[PDB]
Amino acid sequence: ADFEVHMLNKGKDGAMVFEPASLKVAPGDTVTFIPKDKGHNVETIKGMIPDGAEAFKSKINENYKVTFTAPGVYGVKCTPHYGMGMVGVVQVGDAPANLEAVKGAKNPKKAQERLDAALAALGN
Ligand SMILES: [Cu+2]
C-alpha cells in the first residue's frame, strides 16, 4: 500500500503540521512525505524508531518516499519546525512493541502533545 502525508503551514490541528498526523501501515508499505507548502522536510526523531530501523532525514521541499518494514512506532519531525510541534507518527502494525520506549523519549512540549495525540489516535 502506498500513502501520502503532507507537511503544511496550517491544517486541522493548527499551525506547522503533518496531515495526517498519524498513519497505520503494514510492512512494505510506502509513505511519500509531500511538503505541499514550502519550507518543510521529514526526519526521524531520536529515540522514536524501532530497533534496527533506519533513521532518515529528507531535504527541505523534497517529495520524499520511505518504505517502512520494522514493526512499531516511528516518530517524525520537520527539522526546522520541531520546536513548533511539527511532528507525526507512522505506526507499522498493531500492538507496537516499542511503545514504552518511545513514550519515554524527550520532545519539546508542543511536539510531545501532538505525538501523544497521534499515538492515541493510533489506538494506543
Ligand atoms: Cu516544517
Side-chain angles (χ1 to χ4, degrees):
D2 192 37
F3 298 79
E4 293 180 357
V5 175
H6 288 169
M7 299 84 105
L8 303 174
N9 293 353
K10 68 181 159 163
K12 299 167 177 182
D13 201 33
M16 319 303 291
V17 291
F18 287 79
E19 278 210 343
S22 68
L23 194 66
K24 194 176 294 180
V25 313
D29 286 352
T30 65
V31 180
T32 304
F33 292 95
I34 296 173
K36 185 172 177 184
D37 292 329
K38 301 287 180 66
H40 309 291
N41 76 331
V42 61
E43 180 177 358
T44 51
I45 295 171
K46 303 188 189 82
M48 303 189 80
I49 70 169
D51 181 53
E54 289 292 290
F56 58 77
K57 176 181 178 186
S58 72
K59 304 190 91 177
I60 293 285
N61 297 329
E62 177 177 22
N63 291 325
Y64 184 73
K65 185 175 71 141
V66 180
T67 298
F68 290 85
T69 304
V73 165
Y74 296 67
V76 303
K77 63 180 176 175
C78 170
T79 307
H81 302 136
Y82 181 40
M84 303 174 80
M86 191 164 181
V87 298
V89 179
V90 175
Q91 183 179 306
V92 174
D94 255 3
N98 70 331
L99 185 67
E100 294 275 280
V102 311
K103 290 216 177 284
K106 179 160 71 157
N107 293 276
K109 178 179 177 175
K110 192 159 175 177
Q112 194 65 239
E113 292 183 351
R114 283 171 169 187
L115 287 162
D116 291 351
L119 287 165
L122 290 160
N124 301 296

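We count residues from 1, following the sequence as given.
Hydrophobic clustering (ILVMFWY, side-chain heavy atoms < 4.5 Å, transitive): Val87 and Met84 are in distinct clusters. The hydrophobic clustering, which links ILVMFWY residues whose side-chain heavy atoms are closer than 4.5 Å, places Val25 and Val73 apart. Tracing side-chain contacts under 4.5 Å through hydrophobic residues (I, L, V, M, F, W, Y), one never reaches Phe68 starting from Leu99; they form parts of separate clusters. Cluster membership for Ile49 and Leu122, using ILVMFWY side-chain heavy atoms within less than 4.5 angstrom, is not shared. Hydrophobic clustering (ILVMFWY, side-chain heavy atoms < 4.5 Å, transitive): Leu23 and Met16 are in one cluster.
Residue pairs that meet the side chain to side chain donor-acceptor pair (under 3.5 Å) test with at least one member in residues 21-49, sequence neighbours left out, are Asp2-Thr30, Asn9-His40, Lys24-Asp94, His40-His81, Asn41-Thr79, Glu43-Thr79. Pairs of residues two or more places apart, or lying in two chains, never qualify as salt bridge (charged side-chain N to carboxylate O under 4.0 Å, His left out) while including a residue from residues 62-74. Sorted by first and then second residue, the ring pair (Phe, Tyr, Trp, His ring centres under 6.0 Å) pairs involving residues 5-39 (not counting sequence neighbours) form an empty list. Listed by first then second residue, pairs satisfying salt bridge (charged side-chain N to carboxylate O under 4.0 Å, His left out) with a partner in residues 107-124 read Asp13-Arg114, not counting sequence neighbours. For residues 85-123, the set of pairs meeting the ring pair (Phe, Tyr, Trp, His ring centres under 6.0 Å) definition, not counting sequence neighbours, is empty.
Members clustered with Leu8: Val17, by chain and number, using a 4.5 Å side-chain heavy-atom cutoff among hydrophobic residues.
What you find for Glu19 and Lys12 is that their closest heavy atoms are OE2-N, 2.5 Å. When all heavy atoms of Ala118 and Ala21 are compared, the closest pair comes out as CB-O, 3.7 Å.
If you take CD on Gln91 and CG on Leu119, they are separated by 7.5 Å, rounding to the nearest 0.5 Å.
Qualifying side chain to side chain contact (heavy atoms under 4.5 Å, CB included) partners for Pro108, counting only residues two or more places apart in sequence or in other chains: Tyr82, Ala111. Residues meeting the side chain to side chain donor-acceptor pair (under 3.5 Å) test with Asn98, sequence neighbours left out: none. Not counting sequence neighbours, the partners of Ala70 by the side chain to side chain contact (heavy atoms under 4.5 Å, CB included) test are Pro50, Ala53, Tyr74.
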side-chain contact (heavy atoms from CB on, under 4.5 Å) evaluation trace for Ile34 with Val5: CA-CA 6 Å; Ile34 296 173; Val5 175; over 6 Å; no

Steps toward side-chain contact (heavy atoms from CB on, under 4.5 Å) verdict (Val76, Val89): CA-CA 6 Å; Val76 303; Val89 179; over 6 Å; no

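When the shell of 6.0 Å around NZ of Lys10 is examined, it contains 12 or fewer heavy atoms from other residues, nucleotides or ligands.
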Under 3.5 Å, side-chain donor or acceptor atoms of residues 54-61 against the rest of the protein: list the pairs with distances, not counting sequence neighbours.
residue	atom	partner	partner atom	Å
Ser58	OG	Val42	N	3.0
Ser58	OG	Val42	O	3.4
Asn61	OD1	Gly39	N	2.8

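Annotation: side chain of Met48 is in contact with side chain of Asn107 (closest heavy-atom distance under 4.5 Å).
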